[PDB]
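Peer 1: Dropping a structure here in structure tokens format, bear with me for questions.
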Amino acid sequence: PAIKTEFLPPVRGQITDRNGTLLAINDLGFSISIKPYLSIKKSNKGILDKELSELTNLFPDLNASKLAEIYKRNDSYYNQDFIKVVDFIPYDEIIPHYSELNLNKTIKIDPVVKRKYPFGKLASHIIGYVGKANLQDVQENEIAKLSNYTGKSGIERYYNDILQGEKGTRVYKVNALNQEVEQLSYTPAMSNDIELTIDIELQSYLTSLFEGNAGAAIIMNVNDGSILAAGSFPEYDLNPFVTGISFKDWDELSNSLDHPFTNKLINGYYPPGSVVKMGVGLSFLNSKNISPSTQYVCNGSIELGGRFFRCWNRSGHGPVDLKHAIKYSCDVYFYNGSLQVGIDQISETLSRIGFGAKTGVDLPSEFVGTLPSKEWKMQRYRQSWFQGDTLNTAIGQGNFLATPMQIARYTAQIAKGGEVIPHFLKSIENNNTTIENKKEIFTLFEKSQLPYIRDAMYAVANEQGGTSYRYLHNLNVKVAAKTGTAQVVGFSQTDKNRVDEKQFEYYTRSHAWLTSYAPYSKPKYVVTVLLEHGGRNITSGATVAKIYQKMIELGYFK
Ligand SMILES: [Zn+2]
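Here my numbering is used: position 87 in the sequence shown is 95, and no number is missing along the way.
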């Protein structure tokens, strides 16, 4: 008839941090458009030059040169609308001069919304960016048809359905010339805001600790999984992604040996190294052949079937029991131990504390890495399993690959004694309704043996000559820890071309793990740091010492 109804898409929701600070907003602004025909018709000579000079005088950030250029490309006889020129001017920079532009009948000003992340680089891998709607995203969500913004990475991607909101509907009456005569009904679109667990103040501190370095970091509550901070480094500025990437922006994204475009936390995987010993050590204790105080002698190596497996301490550790084999990170103890225990036992135990398995985290496309096993080797390599492999695997090396997020889940679970799933989603504070919003993983015996593991972890950080004693032994929170190291085996012929000869050294220095938890007495937090190549101006332990010191300054242990 002449009753017609249109659909109104809502303003995409805002994203805040645990204490309310705004991480993704819709900046309000205006587009300036020019009346047509000012270069196509001889009558109006010099007309666009005039109204632009008044404009340039009003906002000098605008360049009258290029602006009249984009104009005459759109000024045509075939088109009779207004010719959009300025895409976006901030509301606050315009609303003084409003009435003068509105009442000017050569400039037409319309409101526009620009997605803006006020913290730029900070948290770029969690938050994410938005982008133009997808050809198959229109098949899935009809609200992106009307919007053309959809989440393309991060929370934005993961929680896109919640951030879209429901649409709104407006009914009106037309007539015989098709005109807005009477509005009939009108249900408005609604949108929701979400609050993450991160704290932007702590997120910032990580970024400046890591400034110049690379790697990953996670601060996570051990009781419920709430990620209080988490970074991949280096991070990128999000805002240039809403507007669109440049030809030049793509290069420095693809030819950069620090890989800032990649979420190392859950898309980067690395050899766990010595930090699996807590878990490998847990697999030992149910043998009757190994006990908390069984000793193996480390002469800096052992020999097996003609091949030599070294300890990292060429001059040998001596006799050690499990506690001190962890404390000093003796490889040789786990070599001997693993031989006793067998690979099946280590693998089974290692998979339950969360290796080679998604941590369950609410970011898109979490990688699982590689937890090696006889079954695994057989499909991936068409080769049987050799005691050599048990040995490499026992001390977190070989083909063993883990993501920083997995380490943190694992650390946390050792400290809690039970399941710990990491999450960023604190609450959904949808306008006029903030809505917010179990499998055992240790055996009954394995839980009885966990105090031994935790005492070893304490030693690593407070007893003289623990691999982390230098830095963690004088904190105002008693910390437990375990160190790890992953060496790099190869250096691609390309990556060499992308750097200069002097820096080759750095790019082959082994990686640094330090996972920790505090307070040893009543565990609350996990701090997992991974410095790519041991860092350029930070060190693993010093970073963790400072990350704990900042958390005390912010009362997160009060
Ligand atoms: Zn040793």
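Virtual Cβ for every residue (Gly too), placed ideally from N, Cα, C.
1) Pull up the distance between the alpha-carbon of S337 and that of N445, whole angstroms please.
2) Rank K80, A488, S39 by C-alpha distance to the C-alpha of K53 and give the top, closest one.
3) Whether or not the region 448 to 465 and the region 277 to 297 are in contact is what I'm after, with contact meaning three or more pairs of Cβ atoms, one per stretch, closer than 8 Å; do they touch?
4) Please state whether DSSP places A237 in a helix, a strand or coil.
5) Grouping DSSP H, G and I as helix and E and B as strand, with all else coil, what is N34?
6) Return the first residue and the last residue of the beta strand (DSSP E) that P98 is part of.
7) Where does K434 fall in DSSP's three states?
8) Counting only runs of 4+ residues fully inside the region 135 to 198, write out the alpha helix (DSSP H) ranges in chain order.
9) Just tell me which of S282, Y278, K285, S240 has its CA closest to the CA of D266.
10) Counting C-beta neighbours from all protein chains within 10 Å, is the total for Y460 16 or more, i.e. buried, or is it exposed?
11) Could you tell me if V189 is buried or exposed, where buried requires 16 or more neighbouring beta carbons within 10 angstroms of its beta carbon?
12) State the start and end residues of the unbroken alpha helix (DSSP H) segment that holds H332.
13) Taking C-alpha atoms, which residue in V507, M559, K285 lies nearest to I227?
14) Buried or exposed: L185, going by 16 or more other Cβ atoms within 10 Å of its Cβ?
15) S39 bridges to which residues according to DSSP?
16) Does the region 405 to 420 come into contact with the region 355 to 366, if we say contact requires no fewer than three beta-carbon pairs (one atom in each stretch) closer than 8 Å?
17) Any heavy atom of ligand 1 closer than 8 Å to the beta-carbon of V328?
18) Among the residues of its own chain, which have a CB less than 7 Å from the CB of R322, if the five just before and after it don't count?
19) For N484, which option in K490, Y528, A197 has the closest C-alpha, if you only look at C-alpha atoms?
20) Report, in whole angstroms, the separation of the C-beta atoms of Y525 and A488, which I expect to be a contact under 8 Å.
21) As an exercise, report each continuous beta strand (DSSP E) stretch of at least 3 residues that is fully enclosed by the region 499 to 552, in chain order.
22) Do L16 and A197 have their beta-carbon atoms positioned less than 9 Å apart in this structure?
23) Under the three-state reduction of DSSP, which class applies to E14: helix, strand or coil?
24) Expressed to the nearest angstrom, what Euclidean distance is found between the alpha-carbon atoms of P44 and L66?
25) Spell out the partners DSSP gives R417 in its beta bridges.
26) Could you tell me the alpha carbon to alpha carbon distance between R506 and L261, rounded to whole angstroms?
27) Nearer than 8 Å: is that true of the beta carbon of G308 relative to any heavy atom of ligand 1?
28) Is it true that the CB of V182 sits closer than 9 Å to the CB of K160?
29) Near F269, which residues of its chain fall below 6 Å by C-beta distance, leaving aside the five closest residues on each side in sequence?
30) In angstroms with no decimal places, state the Cα-to-Cα distance between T177 and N168.
31) Could you check if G324 belongs to the surroundings of ligand 1, using beta carbon to heavy atom distance under 8 Å?
32) What runs of the beta strand (DSSP E), each 3 residues or longer, lie entirely inside the region 201 to 259?
33) Alpha carbon to alpha carbon, how far is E454 from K504?
34) For ligand 1, any of its heavy atoms closer than 8 Å to the Cβ of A333?
35) Out of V428, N400, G223, state which residue places its alpha-carbon closest to the alpha-carbon of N545.
36) In the structure shown, what three-state DSSP assignment does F342 receive?
Peer 2: To lay it out plainly:
1) 40 Å
2) Residue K80 is the option with its Cα nearest to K53.
3) The region 277 to 297 is in contact with the region 448 to 465.
4) strand
5) DSSP, read as helix, strand or coil, puts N34 in strand.
6) 91 to 98
7) In the displayed model, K434 falls within a strand according to three-state DSSP.
8) 145 to 148, 162 to 166, 168 to 172
9) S240
10) buried
11) exposed
12) 330 to 335
13) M559
14) Its Cβ having fewer than 16 others within 10 Å, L185 is exposed.
15) Looking at the DSSP assignment, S39 forms a beta bridge with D118.
16) yes
17) yes
18) The beta carbon of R322 sits closer than 7 Å to those of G308, all from its chain and outside the five residues before and after it, given in chain order.
19) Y528
20) 5 Å
21) 519 to 526, 533 to 539
22) Yes, they are a contact pair.
23) Three-state result, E14: strand.
24) 21 Å
25) The partner list for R417 (beta bridge, DSSP) is empty, contrary to what the question assumes.
26) One C-alpha to the other measures close to 12 Å.
27) yes
28) no
29) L261
30) 21 Å
31) yes
32) 202 to 204, 223 to 229, 235 to 241
33) Cα atoms of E454 and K504: separation of roughly 47 Å, rounded to the nearest angstrom.
34) True, at least one ligand heavy atom lies under 8 Å from that Cβ.
35) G223
36) helix
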